[PDB]
Structures are given as C-alpha cells and as structure tokens.
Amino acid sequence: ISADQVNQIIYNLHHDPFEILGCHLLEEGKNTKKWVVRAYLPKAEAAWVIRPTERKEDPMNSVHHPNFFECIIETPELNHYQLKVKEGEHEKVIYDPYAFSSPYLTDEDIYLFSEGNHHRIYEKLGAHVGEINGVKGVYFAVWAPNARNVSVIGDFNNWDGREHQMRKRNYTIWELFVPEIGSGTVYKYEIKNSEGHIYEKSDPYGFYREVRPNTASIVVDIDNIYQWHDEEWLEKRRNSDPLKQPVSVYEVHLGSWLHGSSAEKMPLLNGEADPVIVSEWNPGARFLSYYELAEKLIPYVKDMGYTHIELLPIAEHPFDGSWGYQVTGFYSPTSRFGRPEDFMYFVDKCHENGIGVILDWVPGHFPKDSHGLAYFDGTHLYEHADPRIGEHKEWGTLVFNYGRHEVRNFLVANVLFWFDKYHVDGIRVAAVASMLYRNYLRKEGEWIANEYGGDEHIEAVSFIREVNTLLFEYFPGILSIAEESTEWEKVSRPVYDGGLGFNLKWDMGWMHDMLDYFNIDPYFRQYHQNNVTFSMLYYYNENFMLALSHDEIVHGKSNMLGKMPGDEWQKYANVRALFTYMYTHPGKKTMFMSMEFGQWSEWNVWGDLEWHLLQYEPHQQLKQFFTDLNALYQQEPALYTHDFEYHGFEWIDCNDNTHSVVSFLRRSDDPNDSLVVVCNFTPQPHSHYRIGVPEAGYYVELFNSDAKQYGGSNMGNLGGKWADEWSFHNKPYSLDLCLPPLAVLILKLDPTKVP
C-alpha cells in the first residue's frame, strides 16, 4: 500500500476503508494464496494476526504511519483470524472490525456453512441492521432448504408476509432485506413446507425474544448497544492458566435467587420494562433484571469471596420448570430478566469485581415446542430423522443431528457466540453421557450400534472435540467443564491425547461418597472410612471439579442441613466439616445458592431463596464461615497451585476408621506454604491426638471450623502448637493436637516464630 492511501485513512478522507482495511487477496500460487490484513489501530504501538485454528501468530508491521499495520500471510484460505493490539502495557484480542463489507451472505459464507466451518455464521444468519442499495434496514436470513416458501411476518406488516416473501439462495438459505425497520422490530418466519402446510417459527439465530410464553424474535443492533470496560480482565484470563488458580464457583439459577415486587416496573440499564410475573400462583412476585442482579448478586458474591458465578442455562427457554435445560432460543439471553445489553452489563460488572462467569450450555437436545427448531422446514432438519438416535423418548425431547454440517455449525458457532458477544469465561455441559452413547436410556432392540458395532455416538464425540478445540484456540484460559456419569476416559484431557477436550470434570463419585458419608450417623462412619478416601485413587485420571450442585437439594434429597444427623448444633457442624474438607481436598470448588447460609427447605425454582433466615445468628455464622473459607482459599497457594500434581497432596494418616479421623498435607512451590489438614468426623472431641508433620517448628492454627464465630464450641489449639521431635506416621516430627468435635483444622508452619 501507498502513503497517500494510508494518509486518506488516517485523516478520514477515504471513500470506503473496506477497500484497504481487513483481509485482501494479493495473488494465487499453485497450492496457496498470498493475503494481506490491514488495520488502522490508533494509540496501538504493535499488533499481530492470530490464526488460532492453525496455531499461528504473525506480527503486523507499521506502514507509512505508526498506527497503520500490514501483515502478509501465505495460506490457502484466511477465514479464521483475530487481531492482537498492544496500547502501552495492555493487549486486547478482537475480531477484525473490517471483516464484512456487506450484511448479505457471500458465496464464501454459504460454502463455509455447507462444510459446517463458519465460526461466525451468526453475523449473517438471523436478523442484522445494515445498508443494501443505499438504504438502512434489516437483513433476514434463515436455513430452511426443504421449505416451499418463507416470509418475514412482524409488527411492520401486521403479520401479513405477502410483500415480504424471501429469496432462496443455493437451494438452502432464504434471505430478505427490509428497508427502514431497525432494532426493536418484532418478527417471525412464516414457512410453507413441501406438503403446503403453513406455520410460524421463532428465528433460530434470533438475538432477543418476547417474554415467555410469547415467542416472537426481536431485532438487536448487537454490536451498538453496550460499551465494555473489561479489557484488563480479558488480558489477564488469556495470559493465565485457570487450572493453577483458585476456582470457587457460586452456582445460581437467575430466576429463583431473589424476586422483586410485581407492583413496580423492572428497572433496566438506562430504561425500564413491564414486570415479569414469576407465575400465576405467586403473582405479587417478579423476576429481577440482569441489571438489578448486577447491583445485588455481584456485591453479594464478591463479599462471600467466590471467584466465579455459574449460571443455570440463560439461553431463551419457554418453561420455568425446565430450569433452562430445554432451550428453544440458543442465540438470545432469556427476556425474563431484560435485554441483551442488560446481560452484557452483568458480565462487565462481574469482570470489574474480579469475578468470572460460567454458562450452563445445552447442546445435547431441544424440546418439541412448535415455535423452536423441531421439524423446522417440514423435515428432520436440526434433529436426526431416526428416533433411535434423534429422540430422548424418556425426556420427550429431540437430539441434534451432530453429523449434519449446518447443525454442527449452529452449535459450534453458538458456543463461540457467548464468548464473542457476551465475554463469558466458561461453559459447563450437563449429562455429556446423553450425547456420547447411541444406547442412552434406550432398551435392547430400540437402538443401533455405530459403523464398528460399538455403542459410541461417533458424530457426537467428534462434535464435542471440535467445540473444545475451537473454544481454547479462540479463547485460551477459559473453563470447559463436563458432568459425565459413565466413567468415559480422558473427559478433561486434550483432544491430541484422545480426550474430549474439557479442562475440568465434575467428580460425581466424590459427591455421592461425601453426601452418603455425612448422611450416616457418626457412630457408623467407622464402617465407611472408604467414603472419605476412595476418590483419591482415581483422582489423577482427570482434572476434578468438586461440585455440590442444584441437583442434590431438590426432589426430596433435602438441603444440606437436612441431610445431616443429630441436633441443630451437629447438623451445622456436619456442614462446616464437609465444606472445610471439600475446600482442602484437591480439586476446584462448586456450590449452589442457599448452601452458604443453611437454607432448611429444598431449592424451589418457583420461588426465591429464604433470605429471612439471615435475620438469625446460626445462618449468619454459617455465611461468615463460607466468607472466611473463600478468603483462606484465595490466600493459601497450597489449596490451589498443585490440585492436579502428586506434589499437591499426601495423606499423613487415614487408617483411624474407629474415630473417623483423617489428615493430609497440601503443598505448593514454596515448602513454607505446606498445610496440615486434620479432620474429625464425629462429635467426640480429642484432648491429645498425635499427627506427624514434615518439619520442626510452631504450626499456626490457620483455620478451625469449630471456632465460635462459625457457630462452633470454640475447642482447639489456642493459636497453634510446637512440633515435638517424636517420629509419628513415618515423619520425623509430630503435633499433639486438640481435635474439636465434627470439625476440620488447617495448620501452617510459621518458620519465623520466637522459641
């Protein structure tokens, strides 16, 4: 490029920057092509083009002006890239703002979509505000290859689409530009199938929707509604390994954390909306907006000291009682809580407070609701036609055809969509078994094996591996968390080693062992010491997340206090002992709303949590317990730097089944950060209980779950204990400890204490 062309850009004299900026073909070789990417990046000193799917990074060179950058790349196709921009000490990674000249589908878009490789198809499919033939309007496009006809109906044509019949491109996608209409436009697709049957559909790629039980899609100017402030958070995440840092997740169902009064409007960011009544049964109650939740949920979580909030599915879903797991609008955050920008505000505010956001994502199935993806164009389009692989008959739902390119693309681009437009920090997928197995909840003779005569769902395994590959390439440093309940191997291992590509797996065995153990009368725990210790035997096969989730405090299982035996005092002690053990055991941490203040009742999705309990000392003390334990967890490297290395854990002794006592070390990089954990899982206090420690010195009582401020009896070691030179548990030195009842101690050598 020439200096005059550059100067025309710098000084805003150029007639169309898209001629010069973005990705331009220079020449074709035999096997390859020469491309140039150009960017105008004012205030940037340096820049790179990332080809994340190819594992490649090329520097950009300043050309004629310090803020005008060129990068020449030889590669057959350059569809998938990001710009890295350095402004002083700070780096951001972005999509090229000059990637798309035109709002309409190109030959290239349609080709990539057909191969299932359009990682940004949601820029072109759906509804987009744009300019065609010199007029501002909205481009609509939808995949419906077998439709006889498709029309856009909406507010703008009184739901009569005779003048808004769409144009079929390449026998696969319907499009229409509509002039003068913009964001706020309420619309659906009217489809005639091959039999002449006419019916209405929500926009599969729709970015916003009316409030359930209404189903109309709404046009969003998704790139011009919110100003982000989280560049520093995103830089930090991209440049960190979340496996080497503290992850304590507060799991939340947004619709049932806290309700407001339905007698006022729902405040939004710089706006308001009609209240959304939580139900006909509880009509005085409304949901909080994403905006109110940003003002109330985020400081609450910040004060508790959790690192992450995990949301039950917020993709648009018709029925409250699905909890979100039955999705019909994969590309919009539910309108129950306001608008897309309100949710953007919520993620931005989490990032300002140093809190990450994980989404429950549901690529496994979708329900039969006629507004949604089911039998979309008069064929099994999104779902496989054979019900032996295309229905979960026990659930009444449909299974995506993962082998069909445009379906794979729908889902793969969907997971990227939440990281791109909503800046989320991870996903969790429930019931991965449901996807992995051809015989899942199917009886003999009602399923067919794969082409090798196995039960493995080959197309699903392949899909899951592509999701995790692309996710970590485009957004390094995220969390991809799986719950898989059948002992499938290498769930949280890289795809190159034959894994599924998650970086964490819920330890469901650990959950079952812990809740079965603490449910047992203390006298009888001696028959069940294996519940405490067994899960360290398979621990190193995956990167485990220790999750006590929503699923464990519904459907007659009781909330945590209700699972515990004894009087009120012992029930609380049991909770403190379990959670202190969970926070000191190797693995990341997940717990669900209500567990942190001792809600007695089960989680009820039709109401909000029992906040009135925090009027009373016992609930308050348990919340202070969790607050201090989260604080300890972020402050003690040995609790998080080596969760997944042998170095990080060693049993001291775990053979005293008779007294239900176990003890272990946690270690980190610095030997002086080592922690001695001692667990007493009966109400029998011990005056003198010897534990081997690795070195002489004073061992501080860093934490004691029986402290009086947690609702305990306040027994312990009055600040700490000097190690005797007294061989015990194959260790040179030992502590003569007081063990409080139904309690866990954490002790740390203070190597600079005065003898």
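Start at 1 and count along the sequence shown; that's the residue number.
In this entry, 444 to 452 shows the higher mean Cα temperature factor of the pair 160 to 168 and 444 to 452. Two stretches are in play, 690 to 698 and 49 to 57, and the higher mean C-alpha B-factor belongs to 690 to 698.
Within the selection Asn401, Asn79, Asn559, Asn414, the deposited Cα B-factor values reach their highest point at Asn79. In this structure the maximum Cα B-factor among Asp203, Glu383, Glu175, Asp669 is found at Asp669.
When the modelled residues of the chain are ordered by C-alpha B-factor, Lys34 sits in the highest third. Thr590: CA B factor in the lowest third of modelled residues in this chain (values from the PDB entry).
Residue-level temperature factors show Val491 in the middle third of its chain, judged at the C-alpha atom. For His647, the recorded CA B-factor ranks within the highest third of the chain. Only modelled residues enter the ranking. In the deposited entry, the Cα temperature factor of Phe728 sits in the top third of values across the chain's modelled residues.
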